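Trainee: chains from the complex, first installment, not repositioned:
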Amino acid sequence: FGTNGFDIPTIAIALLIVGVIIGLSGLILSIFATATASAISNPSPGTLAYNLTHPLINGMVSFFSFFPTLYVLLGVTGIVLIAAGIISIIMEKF
Amino acid sequence: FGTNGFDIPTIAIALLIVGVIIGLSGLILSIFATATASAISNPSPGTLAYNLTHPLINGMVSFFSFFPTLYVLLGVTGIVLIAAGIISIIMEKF
Amino acid sequence: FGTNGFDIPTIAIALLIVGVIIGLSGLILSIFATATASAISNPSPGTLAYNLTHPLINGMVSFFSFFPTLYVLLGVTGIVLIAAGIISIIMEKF
């Protein structure tokens, strides 16, 4: 059901795959982050360990704050692909 | 699901991998730094050991303060990659 | 996840390695310097042993004072590397 490489069943399957992969990734990262939160303690506000450890958790927080827009762009990609498929169909189907 | 090398499943998997690696690194570095903090003591403000040891901990603090921006740039890289993928799709999908 | 040799997982791993190596070095040097401080005594201000020993500890102090800027430059190197990676991606990803 298509013209050259655009196959609606294939597209649906690909959507299934990406959705399940994203769900699994979120699950694993959340479960792991819980363990991370449990492991690290809060030594004191101003001792040696604080100086040694604070920037690491800051970098953690920053990167994980960067995740959302990555996911949003990844989602946007699919609309572009489906649109290109539609246009390619229309171009030479007539 | 892609054109040449841009594969949304592959991208999601790569994001999973980098996220877990960063979490593990933060965990290990924090755990190790706790041990470092425990090991070194504070001899005295002005004796021989102070002169011998202070610059080392200063270098420690400096490098670990450099970590955050490294992480931020590493995060920025992914948006660039996804954008390049989008543009490459658009260029020859039509 | 990259183009030619720029791999975000590889970069994260390298950061892990350098961080742990630097932590270990600081630990070992501090522990050793404590023993050095314990071993050497203070004979007298003006006797033979003072003349014989003072310049050595002066050189010790100087070199260890040189360490911090070495560490700072070592930290700066990584930002340069990540930046070069970003630019290399941008150049031919489009």
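Mentor: That came through, no problem. Numbering: from 1, shown residues only, chains lettered A, B, ... in the order given.

Trainee: helix or strand for residue A:90, which one?
Mentor: Secondary-structure assignment from DSSP states H and E places residue A:90 in helix A:48-93.

Trainee: off-centre distance for that helix?
Mentor: With CA atoms, centre = their mean, to the nearest Å as the basis, helix A:48-93 stands 6 Å off its chain's centre.

Trainee: next, the angle helix B:48-93 makes with that helix.
Mentor: Relative orientation of helix A:48-93 and helix B:48-93, computed by axes from the mean of the first three to the mean of the last three CA atoms, to 10 degrees: 10 degrees.

Trainee: I'd like to know which elements helix A:48-93 is packed against.
Mentor: Counting contacts by 3 or more CB pairs under 8 Å, 6 or more residues apart in numbering or on different chains; DSSP states H and E, helix A:48-93 packs against helix A:8-39, helix B:8-39, helix B:48-93. To be clear about C-beta, it is placed using only N, CA and C from the backbone, and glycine gets the same treatment.

Trainee: and the residue nearest the centre of chain A, how far is that from residue B:83?
Mentor: Nearest to the mean C-alpha position of chain A, counting by CA atoms, centre = their mean, stands residue A:71 at 4.1 Å. Going from residue A:71 to residue B:83 by CB to CB, to the nearest Å gives 14 Å.

Trainee: same check, this time on residue A:87
Mentor: For residue A:87, the distance to residue B:83 (CB to CB) stands at 21 Å.

Trainee: just residue A:19 next, same as before
Mentor: Distance, residue A:19 to residue B:83, by CB to CB: 22 Å.

Trainee: now residue A:62
Mentor: According to CB to CB, residue A:62 stands 20 Å off from residue B:83.

Trainee: I'd like to know how many residues surround the closest residue to residue A:62 other than its chain neighbours.
Mentor: Distances taken as CB to CB, 6 or more residues apart in numbering or on different chains put residue B:72 closest to residue A:62, at 5.4 Å, once the chain neighbours are dropped. For residue B:72, the count of nearby residues is 16 (other CB atoms under 10 Å in any protein chain shown).

Trainee: put this one in as chain D:
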Amino acid sequence: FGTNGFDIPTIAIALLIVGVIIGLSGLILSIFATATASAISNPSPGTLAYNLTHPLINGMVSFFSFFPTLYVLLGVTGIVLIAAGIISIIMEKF
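Mentor: Placing chain D onto the earlier chains gives this:
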């Protein structure tokens, strides 16, 4: 849908491409500039570091102030192109 090289679908596609590229560029530059702002500190008004650093940020500000008119001219270019297309159509369509 055209005469020689003027194709309305092609023009619409080109507009899509330039719009998305400009959006992505703005996004990346803003995100990067946030990190730049975070990294650099304000040492003091009159010390060595101030003398060493102030002109750099001045050049930054100047160039980024030059961006707007560049964008405006880039926008103006498209009206010229479409107009040339219209005139070329009219010249030999009759």
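
Trainee: so, what packs on helix A:48-93 revisited with chain D in the model?
Mentor: In this structure, helix A:48-93 packs against helix A:8-39, helix B:8-39, helix B:48-93, with contacts taken as 3+ CB pairs under 8 Å, 6+ apart.

Trainee: please repeat the previous calculation with a cut-off of 7 Å.
Mentor: Counting contacts by 3 or more CB pairs under 7 Å, 6 or more residues apart in numbering or on different chains; DSSP states H and E, helix A:48-93 packs against helix B:8-39, helix B:48-93.

Trainee: for the shortest one, buried residues please.
Mentor: Same thing as helix B:8-39. Buried residues in helix B:8-39, counted by 16 or more other CB atoms under 10 Å in any protein chain shown: B:8, B:11-12, B:14-16, B:18-23, B:25-30, B:32-34, B:36-37.

Trainee: distance across stretch A:40-49, terminal residue to terminal residue?
Mentor: One end of stretch A:40-49 sits 11 Å from the other (CA to CA, to the nearest Å).

Trainee: pull the distance from it to the chain's centre.
Mentor: 32 Å.

Trainee: buried residues, it. List them.
Mentor: Within stretch A:40-49, the residues scored as buried using 16+ other CB under 10 Å are A:40, A:43, A:48-49.

Trainee: which of these lies closest to chain B?
Mentor: Chain B has its nearest neighbour among the buried residues of stretch A:40-49 in residue A:49, at 3.8 Å by CB to the nearest CB.

Trainee: for that closest one, what are its contacts?
Mentor: Neighbour list for residue A:49: A:43, B:33-34, B:37 [criterion: CB atoms under 7 Å, 6 or more residues apart in numbering or on different chains].

Trainee: for residue B:40, see how far away it is.
Mentor: To residue B:40, residue A:49 is 10 Å away according to CB to CB.

Trainee: who touches both of these two?
Mentor: Common neighbours of residue A:49 and residue B:40 (CB under 7 Å, 6+ apart) do not exist.

Trainee: returning to what we had before: which two among the buried residues of stretch A:40-49 are spaced furthest apart?
Mentor: Farthest pair in the buried residues of stretch A:40-49 (CB to CB) is A:40 and A:48. Separation: 15.4 Å.

Trainee: put this one in as chain E:
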Amino acid sequence: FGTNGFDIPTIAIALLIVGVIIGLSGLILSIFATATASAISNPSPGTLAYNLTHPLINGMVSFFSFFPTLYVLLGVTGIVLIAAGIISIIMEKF
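Mentor: Putting chain E onto the chains we already have gives this:
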């Protein structure tokens, strides 16, 4: 989208590249200059080291004061390029 070598997407990409390069350069130079400021001390106003060191920092200050106009001219170059493109389009598009 152009006539011979003037491509609006290419121009936007080039602007992206130059902007990011300039941002990175400013970042690196500021970070490095902070370390320079930390390293050098102020011995005394009139001793040997002062005579030996003062002209070097004077040259530093001078060159870094020369940077701004370099950046301004670099910015001016792009307006010239875009203008030449516009005129080249107009000349033979009609």
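
Trainee: mind redoing what packs on helix A:48-93 now chain E's in there?
Mentor: Against helix A:48-93 (3+ CB pairs under 7 Å, 6+ apart) you get helix B:8-39, helix B:48-93.

Trainee: mind putting those into CSV with distance to residue C:93?
Mentor: Below are the helices and strands packed on helix A:48-93 laid out as CSV (distance: least, CB to CB, whole Å):
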stretch, distance to residue C:93
helix B:8-39, 14
helix B:48-93, 3
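
Trainee: of the ones you listed, which is nearest residue D:56?
Mentor: That would be helix B:48-93 among the helices and strands packed on helix A:48-93, by CB to CB, at 16.7 Å.

Trainee: residues contacting the residue nearest to the centre of chain A?
Mentor: Contacts of residue A:71 by CB under 7 Å, 6+ apart: none found.

Trainee: same thing but 10 Å
Mentor: Residue A:71 makes contact with A:22, A:25-26, B:12, B:15, B:82, according to CB atoms under 10 Å, 6 or more residues apart in numbering or on different chains.

Trainee: one more: residue A:54?
Mentor: Counting by CB under 10 Å, 6+ apart, residue A:54 touches A:43, A:45, B:30, B:64-65, B:68.

Trainee: now, among the residues you listed, which is nearest to residue C:1?
Mentor: Comparing the contacts of residue A:54 against residue C:1 with CB to CB picks out residue B:68 as the nearest, at 21.9 Å.

Trainee: what's the burial count for that closest one?
Mentor: With other CB under 10 Å as criterion, residue B:68 counts 22.

Trainee: if we can go back for a sec, right, and the helices and strands packed on helix A:48-93 - which one's nearest residue E:92?
Mentor: Nearest to residue E:92 among these is helix B:48-93; the distance by CB to CB comes to 26.2 Å.

Trainee: residue A:26 contacts residue B:16, correct?
Mentor: Yes - contact criterion CB atoms under 10 Å: residue A:26 and residue B:16 qualify, at 9.3 Å.

Trainee: name the residues that touch stretch A:10-27?
Mentor: Under the contact criterion CB under 10 Å, 6+ apart, stretch A:10-27 has outside partners A:1-2, A:7, A:67, A:71, A:74-75, A:77-78, A:81-82, A:85, B:1-2, B:7-13, B:15-17, B:19-20.
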